[PDB]
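Peer 1: Quick one: this structure, given as structure tokens, is what I'll be asking you about.
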Amino acid sequence: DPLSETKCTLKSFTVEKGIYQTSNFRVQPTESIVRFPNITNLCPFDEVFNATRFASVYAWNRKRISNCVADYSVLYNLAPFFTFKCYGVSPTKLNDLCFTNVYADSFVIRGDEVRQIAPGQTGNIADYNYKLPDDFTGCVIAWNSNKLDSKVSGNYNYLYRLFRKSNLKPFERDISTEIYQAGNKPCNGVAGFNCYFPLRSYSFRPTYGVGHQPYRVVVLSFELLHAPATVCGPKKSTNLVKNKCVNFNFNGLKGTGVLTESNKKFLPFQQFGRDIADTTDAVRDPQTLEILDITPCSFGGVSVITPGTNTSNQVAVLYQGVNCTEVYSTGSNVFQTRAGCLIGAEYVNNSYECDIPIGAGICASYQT
Amino acid sequence: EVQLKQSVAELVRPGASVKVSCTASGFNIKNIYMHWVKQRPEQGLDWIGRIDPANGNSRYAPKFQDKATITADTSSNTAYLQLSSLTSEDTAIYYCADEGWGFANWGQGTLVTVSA
Amino acid sequence: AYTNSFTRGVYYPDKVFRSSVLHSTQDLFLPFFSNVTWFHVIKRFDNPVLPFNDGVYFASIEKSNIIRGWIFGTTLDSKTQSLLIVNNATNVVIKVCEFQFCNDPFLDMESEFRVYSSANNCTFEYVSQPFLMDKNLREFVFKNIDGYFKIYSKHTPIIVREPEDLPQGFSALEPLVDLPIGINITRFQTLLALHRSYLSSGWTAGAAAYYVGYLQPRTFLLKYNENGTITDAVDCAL
Amino acid sequence: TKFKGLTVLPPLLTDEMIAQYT
Amino acid sequence: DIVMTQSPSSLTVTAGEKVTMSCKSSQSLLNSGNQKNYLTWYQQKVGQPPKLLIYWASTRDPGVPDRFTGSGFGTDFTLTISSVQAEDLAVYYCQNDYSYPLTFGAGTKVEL
Ligand SMILES: *[C@@H]1O[C@H](CO)[C@@H](O[C@@H]2O[C@H](CO)[C@@H](O)[C@H](O)[C@H]2NC(C)=O)[C@H](O)[C@H]1NC(C)=O
Ligand SMILES: *[C@@H]1O[C@H](CO)[C@@H](O)[C@H](O)[C@H]1NC(C)=O
Ligand SMILES: *[C@@H]1O[C@H](CO)[C@@H](O)[C@H](O)[C@H]1NC(C)=O
Ligand SMILES: *[C@@H]1O[C@H](CO)[C@@H](O)[C@H](O)[C@H]1NC(C)=O
């Protein structure tokens, strides 16, 4: 109890009349809040998913995207997706951790040829149209698009280059339309029995069967370099808490305190504020554009007001410089003054000479 | 492509700790929060837990609580196993995981048993 | 031709709000009352390749909007990455690639980009609201610290341009946009849109004059008002 | 004409009481 | 923690004989956002580490790809193989994924 704390701090079994500072009142953070500015721009993976005509397998479109927040959660949320196999990276860790740049390649190919477009796997089309490097870190997204990309008559929009003179370089797209010299006799630009044109036309039809239907296949390439990383998943955010002492993480400021609305007006470029002593005084909420004042958690000295143990064993506790809305247990004749909020003493309007000085004109005493 | 190497099996004194390393080759471990699993010969497979390279916050199976601990080091893509005072039946072959939709990448396996 | 930088080129060092605070910060600044190179243009091609050094305090008072971007780069060659800033009336563009910069880079209404002969290893591309348009002083500070390319802006309207010298008033430069770009920069060149006549009776550039100053490590005592803006400053080593 | 453990205690005599003495 | 019961029946059959293997999954696991359920199967050749056989309970990964369709609402999923050969001769475990407590399959073998 406070009286025994006073006895220990005085190292005497009898404490004389007076006020003794025994301990320190401290308010610990109840909650922890983390905020980052929300999505705003979004990296358009759905756009290359939603492209009406996917690029040719040999002339695969290379889309390098940077400086945007990427939402990979919608990719898992999307039901029509059928294949999400990943190599060197967790499918669900794209949101958690990020790379510097992302390459998206959109192409339409038959179902059996989808497995041919994979690292460490070579195919009749893959070796000459699109050969994924063995060691790249990325995910291949594939799904059936027979209804969207085929008709009863037949879809000949998508074609591939069957014959190529040399092995394809990694991350290289071949757009050459030269007639392949399959035969020993020179082609000279004229199709013949020996010379076969490398490009062949697929026919996509619903009746053509599964394993050969068109598949909208998108491969995402992630590479992290010395340059700063600009595309990342949505970092965790929490709700805003006002008038309660909480740990706050406003884009990595990492401070503790109680957050209140402030009348101060920041400049548009400015993010947080500092006082004369170079202490964070106000922060702007990244989610909104409002300005939040940061005042520290309430703390102060705990002083025990006691008459002599010869007189009595009752004690009144003073919490210096603390609003006792934030605070012997409260509810026992709790009275508030400038020196602090006094617990255990009842304010009396009549005035006597000072007995135990509390502060700011308030003096405690033991009387009936 | 992407390979996870298991540490060679070390004979361990009875009632002591045993450590097995799962280093990643061909790719940094930073993008992978690998999972540890234990398999006993002629017995069902079990899931030990997982490690994240940064803020690892490893969460273990309820049966293995307070006795099975696993950690990894981001530098050199190394991982580790921490298991001590294992009985012969409890000891099982440990594998690493790709934590995908299914565990695509698995270690070659470590047959570790208390033999001293 | 030279002109004194009478308390010009001061920018907000950081994004920290301060109210009625005299904050003394040590950062790369244009020293007060310092020598500033001043160039005239115009065909009379005068666009020297000025070294970037720590930074550049670019300025212009062209009421005809003659200034149409800047050129940056370590060597202005395809071997190294370079900055390209082109600012159109409808929309501005910032491209960062290994541009092979021609002898006379310019924009061709604008029909086709004619600023770079080659575009390989393109890593960065940015688009924002126009800033060079809307007789008035248009002063910028460019920096390259820790791989972040920093730009500051302030469009002060000045009633008098007859003396053809920078005003003696003070105006701190609010940051406009910062670009994450890890390359190094050791050269600077200014862009002017050369029209079909150059491709020059149709297009006139008689009023295009731009002042260039170089930043230096200095200690400044910045005065913030209760609103949070820098109203005045002093250079401790002046 | 500071919350790092620095607490400024109020004087026992308020300015009104000092003025009343005066 | 999720209750699982995998049929360990082993059939010594010639190639071209279908086999049906299913294991119950309690709580009827259902991923939010997408209709797909996170249930997977593994194929482990004797003396070799297990590898991903099937994921999402209805999607066939590249690598010996053939059918393996499974129909269920999270209460149960059935994995079917059209033909049995030495390559498919292995031990299979079905492990739930949507539920964070992961319990692996008891084990199922096939013979030629
Ligand atoms: C194609 O565009 C449509 C229309 O925007 C997308 O449909 C929704 O996209 C939002 C993206 O924020 C998702 O949150 C919704 O769940 C989508 N709803 C449906 C019914 O799809 C669609 O995702 C885009 N991509 C594809 C492949 O269709
Ligand atoms: C955050 O999202 C809300 C809801 O869509 C939006 O009103 C707000 O503008 C977003 N934040 C910013 C900084 O735009
Ligand atoms: C805190 O104390 C002040 C006086 O010091 C008082 O006016 C106020 O009502 C108290 N409570 C709150 C919530 O501010
Ligand atoms: C800052 O805001 C106050 C309050 O309206 C205003 O009186 C003052 O002029 C403003 N200062 C500037 C520089 O905008």
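In the structure tokens, chains take the letters A, B, ... in the order shown, each chain's residues start at 1, and ligands count up from 1 in the order shown.
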List as a ChimeraX atom specification the protein and nucleic acid residues lying within 6 Å of ligand 1, with only C-alpha atoms and all ligand atoms counted.

Peer 2: /A:46,49-50,74

Peer 1: If the limit is 10 Å from any atom of ligand 3, counting only C-alpha atoms and all ligand atoms, which residues qualify? Return them as an MDAnalysis selection string.

Peer 2: chainID A and resid 243 321:326 336:341

Peer 1: Would you give me, as a PyMOL selection string, the residues in range 37-111 of chain B that DSSP reads as strand (DSSP E)?

Peer 2: chain B and resi 37-39+45-50+68-73+78-84+93-96

Peer 1: Please produce an output containing N, CA and C atoms for each residue in the selection, written as a PDB file, in the first residue's frame.

Peer 2:
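Once everything was written out, this is result-v5.pdb:
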```
ATOM      1  N   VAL B  37       8.710 -29.859 -42.122  1.00  0.00           N
ATOM      2  CA  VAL B  37       7.847 -31.020 -41.959  1.00  0.00           C
ATOM      3  C   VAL B  37       8.709 -32.219 -41.590  1.00  0.00           C
ATOM      4  N   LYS B  38       8.128 -33.140 -40.825  1.00  0.00           N
ATOM      5  CA  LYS B  38       8.825 -34.332 -40.361  1.00  0.00           C
ATOM      6  C   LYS B  38       8.081 -35.574 -40.829  1.00  0.00           C
ATOM      7  N   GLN B  39       8.821 -36.536 -41.377  1.00  0.00           N
ATOM      8  CA  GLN B  39       8.257 -37.795 -41.843  1.00  0.00           C
ATOM      9  C   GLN B  39       9.011 -38.956 -41.216  1.00  0.00           C
ATOM     10  N   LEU B  45       2.987 -38.446 -42.510  1.00  0.00           N
ATOM     11  CA  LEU B  45       3.738 -37.200 -42.543  1.00  0.00           C
ATOM     12  C   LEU B  45       3.142 -36.189 -41.566  1.00  0.00           C
ATOM     13  N   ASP B  46       4.004 -35.329 -41.025  1.00  0.00           N
ATOM     14  CA  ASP B  46       3.605 -34.335 -40.040  1.00  0.00           C
ATOM     15  C   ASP B  46       4.175 -32.975 -40.416  1.00  0.00           C
ATOM     16  N   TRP B  47       3.508 -31.922 -39.948  1.00  0.00           N
ATOM     17  CA  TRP B  47       3.900 -30.543 -40.222  1.00  0.00           C
ATOM     18  C   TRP B  47       4.458 -29.930 -38.942  1.00  0.00           C
ATOM     19  N   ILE B  48       5.732 -29.530 -38.980  1.00  0.00           N
ATOM     20  CA  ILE B  48       6.357 -28.933 -37.804  1.00  0.00           C
ATOM     21  C   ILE B  48       5.985 -27.461 -37.681  1.00  0.00           C
ATOM     22  N   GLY B  49       6.258 -26.677 -38.716  1.00  0.00           N
ATOM     23  CA  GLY B  49       6.040 -25.243 -38.652  1.00  0.00           C
ATOM     24  C   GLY B  49       6.679 -24.559 -39.847  1.00  0.00           C
ATOM     25  N   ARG B  50       6.906 -23.254 -39.694  1.00  0.00           N
ATOM     26  CA  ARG B  50       7.428 -22.430 -40.773  1.00  0.00           C
ATOM     27  C   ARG B  50       8.371 -21.376 -40.212  1.00  0.00           C
ATOM     28  N   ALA B  68       9.708 -27.930 -30.222  1.00  0.00           N
ATOM     29  CA  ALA B  68      10.215 -27.830 -31.583  1.00  0.00           C
ATOM     30  C   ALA B  68      10.334 -26.362 -31.960  1.00  0.00           C
ATOM     31  N   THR B  69      11.546 -25.938 -32.305  1.00  0.00           N
ATOM     32  CA  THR B  69      11.809 -24.565 -32.706  1.00  0.00           C
ATOM     33  C   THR B  69      12.632 -24.561 -33.984  1.00  0.00           C
ATOM     34  N   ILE B  70      12.306 -23.626 -34.875  1.00  0.00           N
ATOM     35  CA  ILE B  70      12.944 -23.533 -36.181  1.00  0.00           C
ATOM     36  C   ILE B  70      13.199 -22.070 -36.510  1.00  0.00           C
ATOM     37  N   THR B  71      14.360 -21.803 -37.107  1.00  0.00           N
ATOM     38  CA  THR B  71      14.753 -20.451 -37.477  1.00  0.00           C
ATOM     39  C   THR B  71      15.579 -20.494 -38.755  1.00  0.00           C
ATOM     40  N   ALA B  72      15.668 -19.341 -39.418  1.00  0.00           N
ATOM     41  CA  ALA B  72      16.430 -19.206 -40.649  1.00  0.00           C
ATOM     42  C   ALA B  72      17.170 -17.876 -40.649  1.00  0.00           C
ATOM     43  N   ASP B  73      18.244 -17.818 -41.431  1.00  0.00           N
ATOM     44  CA  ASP B  73      19.067 -16.625 -41.574  1.00  0.00           C
ATOM     45  C   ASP B  73      18.937 -16.112 -43.002  1.00  0.00           C
ATOM     46  N   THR B  78      20.330 -19.317 -45.355  1.00  0.00           N
ATOM     47  CA  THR B  78      20.403 -20.509 -44.525  1.00  0.00           C
ATOM     48  C   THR B  78      19.198 -20.613 -43.595  1.00  0.00           C
ATOM     49  N   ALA B  79      18.854 -21.856 -43.263  1.00  0.00           N
ATOM     50  CA  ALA B  79      17.848 -22.167 -42.260  1.00  0.00           C
ATOM     51  C   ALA B  79      18.458 -23.148 -41.273  1.00  0.00           C
ATOM     52  N   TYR B  80      17.732 -23.420 -40.191  1.00  0.00           N
ATOM     53  CA  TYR B  80      18.239 -24.295 -39.144  1.00  0.00           C
ATOM     54  C   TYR B  80      17.092 -25.043 -38.482  1.00  0.00           C
ATOM     55  N   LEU B  81      17.439 -26.174 -37.869  1.00  0.00           N
ATOM     56  CA  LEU B  81      16.520 -26.959 -37.054  1.00  0.00           C
ATOM     57  C   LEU B  81      17.024 -26.962 -35.619  1.00  0.00           C
ATOM     58  N   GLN B  82      16.108 -26.810 -34.666  1.00  0.00           N
ATOM     59  CA  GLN B  82      16.432 -26.870 -33.245  1.00  0.00           C
ATOM     60  C   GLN B  82      15.535 -27.907 -32.585  1.00  0.00           C
ATOM     61  N   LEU B  83      16.095 -29.081 -32.309  1.00  0.00           N
ATOM     62  CA  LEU B  83      15.382 -30.156 -31.637  1.00  0.00           C
ATOM     63  C   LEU B  83      16.334 -30.856 -30.680  1.00  0.00           C
ATOM     64  N   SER B  84      15.877 -31.071 -29.450  1.00  0.00           N
ATOM     65  CA  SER B  84      16.712 -31.622 -28.394  1.00  0.00           C
ATOM     66  C   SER B  84      15.953 -32.697 -27.633  1.00  0.00           C
ATOM     67  N   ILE B  93      12.380 -37.990 -40.502  1.00  0.00           N
ATOM     68  CA  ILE B  93      13.068 -37.323 -41.599  1.00  0.00           C
ATOM     69  C   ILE B  93      12.445 -35.954 -41.831  1.00  0.00           C
ATOM     70  N   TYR B  94      13.289 -34.926 -41.868  1.00  0.00           N
ATOM     71  CA  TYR B  94      12.844 -33.544 -41.976  1.00  0.00           C
ATOM     72  C   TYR B  94      13.003 -33.043 -43.404  1.00  0.00           C
ATOM     73  N   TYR B  95      12.005 -32.293 -43.868  1.00  0.00           N
ATOM     74  CA  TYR B  95      11.979 -31.758 -45.220  1.00  0.00           C
ATOM     75  C   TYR B  95      11.623 -30.279 -45.181  1.00  0.00           C
ATOM     76  N   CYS B  96      12.093 -29.550 -46.186  1.00  0.00           N
ATOM     77  CA  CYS B  96      11.722 -28.157 -46.377  1.00  0.00           C
ATOM     78  C   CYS B  96      10.582 -28.056 -47.389  1.00  0.00           C
TER      79      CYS B  96
END
```

Peer 1: As a PyMOL selection string, please: the residues near residue 18 in chain E (cut-off 8 Å, only C-alpha atoms, same-chain neighbours under 3 positions excluded).

Peer 2: chain E and resi 80-84

Peer 1: Write a file of the just-selected residues containing C-alpha atoms, as a compact mmCIF listing (two decimals), in the first residue's frame.

Peer 2:
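File part.txt, as written:
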```
# COMPACT_ATOMS: atom_id res chain seq x y z
CA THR E 80 -8.70 -40.30 -59.32
CA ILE E 81 -5.97 -41.76 -61.55
CA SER E 82 -6.90 -43.27 -64.91
CA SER E 83 -3.92 -45.62 -65.26
CA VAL E 84 -1.34 -47.10 -62.90
```

Peer 1: Kindly provide, as a count of residues only, all nucleotide and amino acid residues lying within 10 Å of ligand 2, counting only C-alpha atoms and all ligand atoms.

Peer 2: 11

Peer 1: Considering only C-alpha atoms, extract the chain A residues located within 10 Å of chain B and return them as an MDAnalysis selection string.

Peer 2: chainID A and resid 84:94 96:99 119:120 133:137

Peer 1: Let's have the selection written as a short mmCIF file (atom, residue, chain, number, x, y, z; two decimals), in the first residue's frame, with C-alpha atoms.

Peer 2:
```cif
data_model
loop_
_atom_site.label_atom_id
_atom_site.label_comp_id
_atom_site.auth_asym_id
_atom_site.auth_seq_id
_atom_site.Cartn_x
_atom_site.Cartn_y
_atom_site.Cartn_z
CA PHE A 84 -1.21 -20.25 -60.25
CA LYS A 85 1.96 -22.37 -60.10
CA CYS A 86 4.96 -20.44 -58.78
CA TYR A 87 8.72 -20.98 -59.05
CA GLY A 88 11.15 -19.62 -56.46
CA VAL A 89 8.51 -17.47 -54.73
CA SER A 90 5.49 -18.23 -52.60
CA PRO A 91 2.20 -17.52 -54.42
CA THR A 92 0.74 -15.78 -51.35
CA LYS A 93 3.94 -13.94 -50.35
CA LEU A 94 3.78 -11.49 -53.27
CA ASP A 96 4.12 -9.57 -48.11
CA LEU A 97 7.46 -8.92 -49.84
CA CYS A 98 8.32 -7.19 -53.10
CA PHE A 99 10.90 -6.78 -55.85
CA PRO A 119 11.41 -23.09 -66.52
CA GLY A 120 13.56 -26.14 -67.13
CA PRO A 133 15.00 -19.11 -68.08
CA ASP A 134 15.69 -22.01 -65.74
CA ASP A 135 16.71 -19.85 -62.77
CA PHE A 136 14.19 -16.99 -62.90
CA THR A 137 11.98 -16.28 -59.88
#
```

Peer 1: Please determine the contact residues of chain A with respect to chain E at a cut-off of 8 Å, counting only C-alpha atoms, and supply them as a PyMOL selection string.

Peer 2: chain A and resi 76-79+82-83+85+115

Peer 1: Quick one: everything within 7 Å of residue 85 in chain B, counting only C-alpha atoms, minus sequence neighbours fewer than 2 positions away in the same chain. Send it as a ChimeraX atom specification.

Peer 2: /B:14-17,87
